[PDB]
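Please read the structure below before turning to the comments.
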Amino acid sequence: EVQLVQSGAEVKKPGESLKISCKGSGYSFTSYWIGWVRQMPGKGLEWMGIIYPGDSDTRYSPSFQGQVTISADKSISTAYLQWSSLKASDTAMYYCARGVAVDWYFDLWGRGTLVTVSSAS
Amino acid sequence: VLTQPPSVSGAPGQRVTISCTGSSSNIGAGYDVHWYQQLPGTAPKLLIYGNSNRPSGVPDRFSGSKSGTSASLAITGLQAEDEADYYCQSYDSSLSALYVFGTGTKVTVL
Amino acid sequence: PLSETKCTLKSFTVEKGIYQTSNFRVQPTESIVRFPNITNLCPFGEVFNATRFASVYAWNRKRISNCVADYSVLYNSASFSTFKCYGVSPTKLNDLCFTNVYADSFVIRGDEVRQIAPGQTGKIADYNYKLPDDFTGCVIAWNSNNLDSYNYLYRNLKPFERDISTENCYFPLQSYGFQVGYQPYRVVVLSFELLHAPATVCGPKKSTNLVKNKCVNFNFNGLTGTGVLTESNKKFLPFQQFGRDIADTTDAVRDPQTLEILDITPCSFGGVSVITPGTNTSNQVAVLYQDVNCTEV
Amino acid sequence: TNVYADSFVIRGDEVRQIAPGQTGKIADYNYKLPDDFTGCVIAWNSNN
Amino acid sequence: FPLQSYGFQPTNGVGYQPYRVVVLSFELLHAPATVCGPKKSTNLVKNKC
Amino acid sequence: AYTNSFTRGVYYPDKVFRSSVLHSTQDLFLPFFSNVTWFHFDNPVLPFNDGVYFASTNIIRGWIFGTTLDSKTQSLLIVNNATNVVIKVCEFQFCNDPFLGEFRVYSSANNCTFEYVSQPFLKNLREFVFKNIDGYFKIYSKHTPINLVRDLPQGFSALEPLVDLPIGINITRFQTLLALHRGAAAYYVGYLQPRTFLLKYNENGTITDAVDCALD
Ligand SMILES: *[C@@H]1O[C@H](CO)[C@@H](O)[C@H](O)[C@H]1NC(C)=O
Ligand SMILES: *[C@@H]1O[C@H](CO)[C@@H](O)[C@H](O)[C@H]1NC(C)=O
Ligand SMILES: *[C@@H]1O[C@H](CO)[C@@H](O)[C@H](O)[C@H]1NC(C)=O
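The listed protein sequences derive, respectively, from chains A, B, C, D, E and F.
Heads up: the first sequence runs through residues 1 to 52, 52A, 53 to 82, 82A to 82C, 83 to 100, 100A to 100B, 101 to 115, numbered per PDB author numbering.
Heads up: the second sequence runs through residues 3 to 9, 11 to 27, 27A to 27C, 28 to 95, 95A to 95C, 96 to 106, 106A, numbered per PDB author numbering.
Heads up: the third sequence runs through residues 295 to 443, 449 to 454, 460 to 471, 487 to 498, 503 to 620, numbered per PDB author numbering.
Heads up: the fourth sequence runs through residues 393 to 440, numbered per PDB author numbering.
Heads up: the fifth sequence runs through residues 490 to 538, numbered per PDB author numbering.
Heads up: the sixth sequence runs through residues 27 to 66, 79 to 95, 99 to 142, 156 to 176, 187 to 246, 261 to 294, numbered per PDB author numbering.
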C-alpha cells in the first residue's frame, strides 16, 4: 500500500536499545519530505523529526532532538527511529508520516505502532 | 502551543466551527494554516491545505479558512460519523521547527 | 649589539659609526578584552532557522542589536553549500563587535547564485537585488532542495534597493513551482557596517578586566591593537563613542561597559642604535635609546 | 630532490579544505596543509 | 571518545562519497634528486653556447 | 520667498570624535546663505524631495511624513508631547488635519511597520532635521534662546544625532503640527544638498566653523 508502514504490536522492556523501521513505498520519495510524529495517549501530538531522502537532510524537534535517531535508507526507502534507553513513561502512539514543503503540512500518514514499554515482563 | 477548543459536541445536521487560535508569531504571522481529521484510534487524514484547496474524495461538508490571528474550520452539516479528534497546523520559520502542531479539538456527534 | 651591527650591515666587520639596528619595542603583558555589559544571545535563529524567506521581489531585512551573540555555531558547523565572505572571514567573525547587522533574506535559483556579489551582472542583479560595489559581509547559499520547494516569485536599481509594484501588455509577475540545476535555493546575506557607531552585537569572547598605565594588547569592540591606557582631560560627547586622529589612529576610545575617558598612547618605543668602536680595535659595545626617559630602560 | 605521496581518504565534499589555507573540519586537527604547499592534490570519485 | 567513523557509505551524496585524496608534496631543486623525468638523456658540451 | 539662511544645518557626520582637526566630507547639508519658505495660521503641506531642512520658533507639536495619506501608505507620525514621545510607521489614516487636544492625533493606527516609544526629546527657537540615508532614520534637535528681533542668528550651531535607529521608508511630503491654543506661531523650511563641507572641530570637540565647498 502507499503508506509508511512499520511492524505489528511491539512489547519490550526498559533499558534495551530498539531501532524501529518505517518503510516508504508507492510514491516518488525523492521529491517529498518524509518524517515521524509522536502523540501521547490523550494529549496533543508532536512531530518529532523529518528527513529529506533526496539528499538525506535531517531535522528534529527541539523537544525530540537527540533522544531519538532516524535515518532515511533511501536505497530501500526506509525510515529509522533509534532508541538507546527506552523509558517506562514512553508509552504512546508513534506515527511515521511524510509531509510537504512550502505549505509545510502532512498529507499521508502511517498506521502507527503501539509501543508499550514497562518494567513488567 | 496552538490553542484549540478542547471538545465540541453537536447534533447531526449542524454547522459548527473550530477556532485555530494562536499568537502573532505562529498563526497570526500570515503563514499558511493547514488542517486534518484525526479519527479516534486510527491514523489522521488531511482535511484542509492552503486554506482554500480541497483534497480528492473529501466530502464538501468540511472547509477551512483563516481570519488574522486565528483560523476557522467550516463544518457544515454535522453527521453521526463526525465523532473525531481534529487538530491544527501551521508553519513557523523563526521557531526553527518546520511544522507546528495545535493543542487539539474533540468534535463529537450523537 | 655588536652582533646586531654585524647582522644588519651583512658583514663580519664594522667600523667607526653609529648604526641603526632596530626599534626597541616594549612587548604587551597580557591580552584584555572589554566587550559591553550586554550578555544576552541574539536570535540568529530568527534569520537562519527562519526558513520562510521573502521573495527577491519584496524581501525581508531583519535588524538585530544589543547582545554578544556568538558566530561559532554558524562558523564551525558548515551546514551550507556556499560560504562566500567579502570583508570579514568565517574564522575572524568571533573577534569583532559590529555597529549594526542586517541579515538580508531572499531566494534565487541554483544558477545565477553568482549574481549575489558586488557588481556581478544578471537579470536578478539588474532589476531584483543589487549588492553595493563596496559590499562587506558573508553570503550563505545554504542548500534548499526541500525548504524552498509557487509563492516564491521573482522578476537598473540602487544598491540595497526596494520597490515592489505592478504596472501587447507587460508585467514581470513570474513564479516558480519547483519540487538540481534549475532548482531554487535559500540565500541569506549578512551586511555588516563597522566603525560607524557604538558597536552593539559582539562575539562570544569573554570580557577581561581592564588595565591601565601598562603596555597591554587590547580589544575594545574589535579595535585590535597594543598600547598603554591613560586618562585625558578631553571629554567624549554623550552621543560620541570613540575618537580618532589623522592616519586613522584611534588614539582615544571611551571604553565600553565603563564609559570612561581613555587615551591609547602607543607603548614605549625608541630607536635602538649601537655605538661600536669597530671589530678591528675592540668589541665592547654601547647602546643608544632614542628619546626615552631613563626610567623606562 | 624528495617527494612524498601523502595518502588518505576523506568525505569527498571536503576536498575544498585540502588547500594551503583552510579552516574546515579535517583541516582543524586531522591534517593541515602548509600555507606554502607546493604540490598537486589528486582526488577522484573513489566512492567506488 | 576523540575519534569516530563516518563510514563514507556508498549510495549517498557527495558528503558521504569518499574522494581518495593523494597529496604529492614536492620540493624545489636544492639537492640531488632520486626521481627524474622520462627525458632521454644526452651527452654534455664544453666551452660552447 | 527669499531669505538668508546663514549657518543652519551643520551636524556631526558619523558620530566619530575628532578634536582640533579639519575634516572634509561629502555629506547632505543646507548651503550657507540659502533661502527659507516662511509659513504661518495656515500650514499647507509641502513636499520633501530628497532632503529638506525644517525649522521653527509647546507651539509646534509634531509632523506627518506621508506619501499618500488616508490609510494608503506607511507614514511617520512623530509628535513630541504627553511626556512620552512616539514615532510610528503605522499605516495611519492621516486626515486633512489630525491634531492634539484631550488628545485626538491618532486616526486608525494599526499595521505598524516600525515602532518607537522612548523618553521625550526637546524668544526661543527649535531646530529639526529629517534624513533617510541608506535605510537609516536619523533625527536632530537642538534649541537656541536667540531673540525674535532677527529671523535667524549669525552664530554657528551644531546638531547632534537625536535618534540613530534606522527605518528605511519612503517619504515625499511633510506637514508640521501647529498648536491651536485657546498664540499662533510660525516656522521656516530649508533644503539639504549633498554639497561637500569642511568641518572645523574645536579642541573641546565642538563644531566651531565650516565652509561650503559649493559656494563662492
Ligand atoms: C537551528 O537549526 C539547526 C538545524 O538546522 C538546529 O539543529 C538548531 O537547534 C536550530 N537552532 C539554532 C539556534 O540555530
Ligand atoms: C624624566 O623624568 C623625570 C622624572 O620622572 C623628569 O624630572 C625629567 O624632566 C624627565 N626627563 C627630561 C628630559 O625632562
Ligand atoms: C571646554 O571644556 C571645559 C571643560 O573641559 C569647559 O570648562 C569649557 O567651558 C569648554 N569650552 C567650550 C569651548 O565650551
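Beta carbons: idealized from backbone N, C-alpha and C, even for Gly.
Rounded Cβ spacing between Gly431/C and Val382/C (contact assumed at less than 8 Å):
By one-based count along the third sequence, residue 431/C stands at place 137. By one-based count along the third sequence, residue 382/C stands at place 88. The Cβ separation is near 7 Å, so the contact holds.
beta-carbon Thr284/F near ligand 3 non-hydrogen atom, thresh 8 Å
Numbered from 1 along the sixth sequence, position 206 holds the residue referred to as residue 284/F. Indeed, a heavy atom of ligand 3 lies less than 8 Å from the Cβ.
Starting from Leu95C/B, find everything on chain A with Cβ-Cβ shorter than 7 Å and list it in chain order.
Translated into positions along the second sequence, residue 95C/B becomes position 98. Under the 7 Å cutoff, chain A gives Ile50, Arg58, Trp100.
Counting only C-beta atoms, is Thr415/D closer than 9 Å to chain C at any point?
For the purposes of this step, residue 415/D is taken as residue 23 along the fourth sequence, with counting starting at 1. Closer than 9 Å to some Cβ of chain C, the Cβ of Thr415/D qualifies, so yes.
Supposed contact pair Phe86/F and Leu560/C - C-beta distance, whole angstroms, cut 8 Å
Mapped onto the third sequence, residue 560/C falls at position 237. Mapped onto the sixth sequence, residue 86/F falls at position 48. Contact flag wrong, Cβ pair sits at about 28 Å.
Would you kindly report the start and end of the unbroken alpha helix (DSSP H) that includes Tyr59/A?
Walking along the first sequence from the start, residue 59/A turns up at place 60. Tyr59/A -> not in any alpha helix (DSSP H); beta strand (DSSP E) instead, spanning 56 to 59.
Do you know offhand how far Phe515/C's Cα is from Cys391/C's?
Against the third sequence, residue 515/C aligns to sequence position 192. Against the third sequence, residue 391/C aligns to sequence position 97. So the alpha carbons of these two residues sit roughly 10 Å apart.
Where does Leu368/C fall in DSSP's three states?
Mapped onto the third sequence, residue 368/C falls at position 74. Looking at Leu368/C - three-state DSSP - the assignment turns out to be helix.
Give the secondary structure of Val106/B by DSSP, where H, G and I count as helix, E and B as strand, and everything else as coil.
As a working note, residue 106/B is residue 109 in the second sequence. The answer is strand: DSSP assigns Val106/B an E or B state.
Interface partners of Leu452/C on chain F, CB under 9 Å:
Residue numbering aside, residue 452/C sits at position 153 when the third sequence is read from its first letter. The premise fails here: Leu452/C is roughly 21 Å from chain F at the closest Cβ pair, so nothing lies under 9 Å.
Name the DSSP bridge partner or partners of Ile20/A?
Here the question's residue 20/A lines up with position 20 in the first sequence. Note: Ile20/A sits in a beta bridge opposite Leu80/A.
If you measure from the CB of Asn616/C, is any heavy atom of ligand 5 nearer than 8 Å?
No copy of ligand 5 occurs in the structure displayed; its ligands are ligand 1, ligand 2 and ligand 3 alone.
How far does the beta strand (DSSP E) with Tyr421/D in it reach, from first residue to last?
Here residue 421/D refers to the residue found at position 29 of the fourth sequence. Looking at the DSSP string, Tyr421/D is not in any beta strand (DSSP E); the run it does join, the alpha helix (DSSP H), is 418 to 421.
From the DSSP output, in three-state form, read off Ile587/C for me.
If you number the third sequence from 1, residue 587/C lands on position 264. Looking at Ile587/C - three-state DSSP - the assignment turns out to be strand.
Going along chain D, which residues have a C-beta under 7 Å from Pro499/E?
Your numbering for residue 499/E matches position 10 in the fifth sequence. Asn439, listed in chain order.
Ligand 3 and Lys558/C: does the residue's C-beta get closer than 8 Å to at least one heavy atom of that ligand?
To locate residue 558/C, count along the third sequence from 1; it is residue 235. Yes; taking the cut-off as 8 Å, the Cβ of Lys558/C has a heavy atom of ligand 3 nearer than that.
CA nearest to the CA of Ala78/A, picked from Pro41/A, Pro52A/A, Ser113/A:
Residue mapping note: residue 78/A aligns to position 79 of the first sequence, counting from 1. For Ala78/A, the nearest C-alpha among the options comes from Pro52A/A.
C-alpha distance - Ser359/C paired with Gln64/A, whole-angstrom precision:
Translated into the one-based positions of the third sequence, residue 359/C becomes position 65. Translated into the one-based positions of the first sequence, residue 64/A becomes position 65. Their backbone Cα atoms lie some 29 Å apart in a straight line.
Distance CB(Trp104/F)-CB(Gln239/F) smaller than 9 Å
Taking the first residue of the sixth sequence as 1, we reach residue 104/F at position 63. Taking the first residue of the sixth sequence as 1, we reach residue 239/F at position 175. Taking 9 Å as the Cβ cut-off, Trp104/F and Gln239/F qualify as a contacting pair.
Determine whether the Cβ of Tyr351/C lies closer than 9 Å to any Cβ atom of chain A.
What you label residue 351/C is simply residue 57 of the third sequence in a count that begins at 1. Not closer than 9 Å to any Cβ of chain A, the Cβ of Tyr351/C fails to qualify, so no.
Taking the straight line between their C-alpha atoms, what separation do you get for residue 96/F and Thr33/F?
The model of chain F omits the segment between 95 and 99, and residue 96/F is among the residues lacking coordinates.
Does ligand 1 have a heavy atom nearer than 8 Å to the CB of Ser373/C?
Taking the third sequence and counting its residues from 1, one reaches residue 373/C at position 79. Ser373/C Cβ: within cutoff of ligand 1.
Looking only at C-alpha atoms, which of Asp571/C, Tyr495/C, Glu583/C, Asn616/C sits nearest to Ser591/C?
As a working mapping, residue 591/C is identified with position 268 in the third sequence. Looking at the Cα atoms, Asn616/C is the closest of the given residues.
DSSP state of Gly65/A, grouped into three classes?
Mapped onto the first sequence, residue 65/A falls at position 66. Reduced to three states, the DSSP call for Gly65/A is coil.
Option in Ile231/F, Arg102/F, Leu270/F, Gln52/F with minimal Cα separation from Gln115/F:
The sequence position of residue 115/F within the sixth sequence is 74, counting from 1. Residue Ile231/F is the option with its Cα nearest to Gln115/F.
Would the C-beta of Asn450/C count as close to ligand 3, meaning under 8 Å from any of its heavy atoms?
Taking the first residue of the third sequence as position 1, residue 450/C is located at position 151. The answer is no for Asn450/C.
Compute the minimum distance between the beta carbon of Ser93/B and the heavy atoms of ligand 1, and state whether it is under 8 Å.
The sequence position of residue 93/B within the second sequence is 93, counting from 1. No, Cβ of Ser93/B sits at least 8 Å from all heavy atoms of ligand 1.
Taking CB distances under 9 Å as the criterion, tell me whether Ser55/A reaches chain E.
Stepping through the first sequence from its first residue, residue 55/A is reached at position 56. Chain E, which has a Cβ nearer than 9 Å to the Cβ of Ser55/A, makes this yes.
I'd like the list of long-range same chain contacts for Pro600/C, defined as Cβ closer than 8 Å, with 5 residues on each side in sequence excluded.
For this step, residue 600/C is matched to residue 277 along the third sequence. Excluding residues within five positions, the ones whose Cβ falls inside 8 Å are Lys310, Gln607.
Using a threshold of 8 Å, is the CB atom of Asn460/C nearer than that to any non-hydrogen atom of ligand 3?
For the purposes of this step, residue 460/C is taken as residue 156 along the third sequence, with counting starting at 1. Outside the cutoff, so no.
Could you run through the region 385 to 396 of chain C and flag, in chain order, every residue whose CB is less than 7 Å away from some CB of chain D?
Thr385
Does the contact criterion of 3 or more C-beta pairs under 8 Å hold for the region 501 to 513 of chain E versus the region 397 to 410 of chain D?
yes
Would you say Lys557/C reaches chain F, if we count a Cβ-Cβ gap shorter than 9 Å as a contact?
By 1-based counting over the third sequence, the position of residue 557/C is 234. Taking Cβ atoms only, chain F reaches closer than 9 Å to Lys557/C, which makes this a yes.
Does DSSP classify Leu425/D as helix, strand or coil?
As a working note, residue 425/D is residue 33 in the fourth sequence. Note: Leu425/D maps to coil in three-state DSSP.
Beta carbon of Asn439/D: closer than 8 Å to some heavy atom of ligand 1?
As a position in the fourth sequence, residue 439/D is number 47, starting the count at 1. Because no heavy atom of ligand 1 lies under 8 Å away, the Cβ of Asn439/D does not count as near it: no.
Listed by chain order, which residues have C-beta atoms less than 5 Å from any heavy atom of ligand 1?
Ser95A/B, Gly339/C, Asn343/C
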